[PDB]
């Protein structure tokens, strides 16, 4: 398939055609990274919801596979859609679904029932009911058999929340080594609360705890996850819950986004650290401070120092109307997950996880240093649409802002600014003039995230630009900002801007990135 379209991310996953949302079923198994996803095999907006499937060996060069779980009744009257979920390798065959070949892979997902019906299990469901169901694969994920004899395996929200039957979703299941149990985290989405269950077999589930609400609650809670991450460089760890909400995303945005909490988990209960939860209902720990980082989910099958989350690189505010064809939506750059102590606080740090050396020029197309960069804007360089920028500079500069203007037309009336506000100690990303912003009024915005200089006073930014996106990794990765842009074909220029004064100790390098398709 030829993926050479305007706006087609060349180093982000998207399906060849049709609509995609949340990442699903993330599992590394026998050398392979599986990427499932919410998919419409019949259209370019949300509908007919199914699990698509793609694989890579390197989180970079993806190959699209056949549809894994195709909406039941697709092409006729649809009776069941496969909402979001997760996947594990049941290597010891606790489910019993293994035969005389491979052990089973097992998927746990939300069944959405668009019509009232009685299921093969003999259970009755109501119109718009959401329940938790399982399927299995004996061919390493290529094809899947749904567990029709008993699905759904978690039909109802826990009491006293039975009324929440339409909004009960997004199971993240994983093997908890310490308790030798399967654990699943689900979202009672309207209540801003998660429900945690255990199992010895993936079929029979017992409710063990509920978590939340805390922090951000200005939207329905979705896409919960729980993972053990390393802290700093020794042997300390902490558990982290990641969860989405829609709307009520990060300050400065309108729509969806992703928050987290740091704590401990004992196999049944997640206890948030005292400093991860904030009085009230507004302040939160944002995984990403930009508008287009949602439904972020973790990989099963990875070790402590190898953990990866993938996010949907879109926003429900306007996601249906991005000017893409014949696909809609991409995933963000996969995000390596760790914790670092920053300003005396265990803080999520992310790294851009692709095989960059396989696709990046070694020689920068642009590279400069300035002991003092003068106020104003430098000479223009041409970057193409796909590249990485490395910037560093002194926090003590007199400029009000320092930034790169990129994906810019030659006269820079079209541009996306990525920089730092010295007084506010914030990263900004201004896409107000970034190109096509016509399809939603909230799209043409300036976004912000906090970033304290390092110990030596240096602010560092790494910026990844692909055909319709910008991703900013600040400092060691403690602040990311992810933003779609839709620039015109000529918007391939860049320059540096020191506004209101000079910027000291500037270092700037830009490297070209090749296609992974």
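Residue numbers count along the first chain shown, from 1.
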{"property": "Average Cα temperature factor in the PDB entry - higher stretch of 242 to 250, 379 to 387", "result": "379 to 387"}
{"property": "Of 33 to 41 and 457 to 465, the stretch whose C-alpha atoms average the higher B-factor in the entry", "result": "457 to 465"}
{"property": "Of the residues 297, 135, 87, 78, the one carrying the largest Cα B-factor as recorded", "result": "78"}
{"property": "Residue, from 416, 126, 256, 95, that the PDB entry assigns the highest Cα B-factor", "result": "126"}
{"property": "CA B-factor ranking of residue 475, expressed as a third of its chain", "result": "highest"}
{"property": "Lowest, middle or highest third - CA B-factor, residue 148", "result": "middle"}
{"property": "Third assignment of residue 395 from its chain's C-alpha B-factors", "result": "highest"}
{"property": "Ranked against its chain, the third holding the CA B-factor of residue 312", "result": "lowest"}
{"property": "Modelled-residue ranking by C-alpha temperature factor, third containing residue 195", "result": "middle"}
